[PDB]
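Peer 1: Quick one: experimental structure and sequence below.
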Amino acid sequence: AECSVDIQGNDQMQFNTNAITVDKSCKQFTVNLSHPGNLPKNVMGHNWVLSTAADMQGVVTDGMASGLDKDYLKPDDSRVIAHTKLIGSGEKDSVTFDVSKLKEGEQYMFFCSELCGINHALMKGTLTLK
Ligand SMILES: [Cu+2]
Ligand SMILES: [Cu+2]
């Protein structure tokens, strides 16, 4: 209605939006992730992870160290503002976070941290508080 957004990650390593706006009147904001298509989480798995644009490379690098068993994310990574679980086709996950964790004027990025293929890296977008 205003404080949530529906995002799909499909079999072609596509997200359906590459830019999310959070309205500052929202106390909390919700991302409902799903995965169109047929491919399971081991071959074409996606999640949804939110960090500042600045923190993303570090999140990715450490996440990579943490590896597959952790969905390539450092557990409890203080730089991840919010994240979903990993999903494969026919699966769904929602995550709610406090809008107070954002500020205006900052650049946020959302992305799939799960290595899922040739266009895995394009499964990203911006998020902005307004
Ligand atoms: Cu993915
Ligand atoms: Cu991926």
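Peer 2: Okay, I see it. Numbers count the residues shown, from 1 in each chain. Ligands and ions are numbered 1, 2, ... in the order given.
Peer 1: Give me the distance between residue 50 and ligand 2.
Peer 2: Separation of residue 50 from ligand 2 (C-beta to the ion, to the nearest Å) stands at 15 Å. In short, each C-beta sits where N, CA and C put it, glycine included.
Peer 1: Does ligand 1 have contacts with the helix or strand where that residue lies?
Peer 2: Per DSSP states H and E: residue 50 is located in strand 49-52. No - Strand 49-52 lies out of reach of ligand 1 by C-beta under 5 Å from the ion, never closer than 10.3 Å.
Peer 1: what packs against that strand?
Peer 2: Applying 3 or more C-beta pairs under 8 Å, 6 or more residues apart in numbering; DSSP states H and E, one finds that strand 49-52 contacts strand 82-83, strand 108-111.
Peer 1: Let me know the distance separating the residue of the chain most remote from its centre from ligand 2.
Peer 2: Computed with C-alpha atoms, centre = their mean, the residue of the chain farthest from its C-alpha average is residue 25, at 21.7 Å. According to C-beta to the ion, residue 25 stands 32 Å off from ligand 2.
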